[PDB]
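Heads up: the structure comes next, in structure tokens.
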Amino acid sequence: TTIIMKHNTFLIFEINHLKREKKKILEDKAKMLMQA
Amino acid sequence: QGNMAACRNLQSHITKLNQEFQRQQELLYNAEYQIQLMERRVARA
Amino acid sequence: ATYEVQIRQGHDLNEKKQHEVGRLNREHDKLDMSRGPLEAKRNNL
Amino acid sequence: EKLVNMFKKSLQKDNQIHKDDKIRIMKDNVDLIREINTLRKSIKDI
């Protein structure tokens, strides 16, 4: 149980990071271009 | 009676194998999903 | 029989793709550097 | 013997209960992985 729920908590943290990275791909679309 | 008993036993075997299928290929999809994650991460690093 | 067989097909394919998972995980884990030379370039100048 | 039997049956009953809980927590793992899959798939096109 505890290990599986650890899977779940890590998946939740990964999902939060996924939303952050989805925004960033909607966000980071600039940084390299501005210097380039 | 015996022949239908065999019928149903084998059918139950079918169905439990199908649930095995589902969970197994879910694990397989997790496999490949991580594969692509690490491939991108390797490329970046 | 078909469902047992294709279960174990999925199992072996998952084993292989998990081994690739691990290959790429360790690849990335093992895997500003252009600033410092210029830092010293100024400092010297 | 009374206690032996009463504990032996409880062994199986809780074994099955925790089997079911394990199945459900597998399902939770799979669903969280599914949400991760959806997030990365959406980021794919972005």
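Residue numbers (the entry's author numbering), protein chains in the order written: chain w, 1195 to 1230; chain N, 483 to 527; chain O, 448 to 478, 484 to 497; chain W, 1164 to 1209. Ideal placement from N, C-alpha and C gives every residue a C-beta, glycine not left out.
Check: The alpha helix (DSSP H) that contains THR1203 (chain w), what's its start and end?; Outcome: 1196 to 1219
Check: Looking at C-beta atoms only, is the number of pairs between the region 492 to 501 of chain N and the region 512 to 527 of chain N that lie closer than 8 Å three or more?; Outcome: no
Check: Since I believe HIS458 (chain O) is in contact with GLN506 (chain N) (beta carbons under 8 Å), could you give me their beta-carbon distance rounded to a whole number of angstroms?; Outcome: 6 Å
Check: Is there contact here, the region 483 to 492 of chain N with the region 515 to 524 of chain N, by at least three beta-carbon pairs under 8 Å?; Outcome: no
Check: Using the C-alpha atoms, what's the distance from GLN1229 (chain w) back to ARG487 (chain O)?; Outcome: 15 Å
Check: Between the region 488 to 504 of chain N and chain O, which residues of the former have CB atoms less than 7 Å from a CB of the latter, in chain order?; Outcome: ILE496, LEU499, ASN500, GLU502 and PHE503
Check: Should the region 462 to 472 of chain O be regarded as contacting the region 1165 to 1184 of chain W, the criterion being three or more beta carbon pairs within less than 8 Å?; Outcome: no
Check: Could one say the Cβ of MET1169 (chain W) lies closer than 9 Å to chain w's Cβ atoms, at least one of them?; Outcome: no
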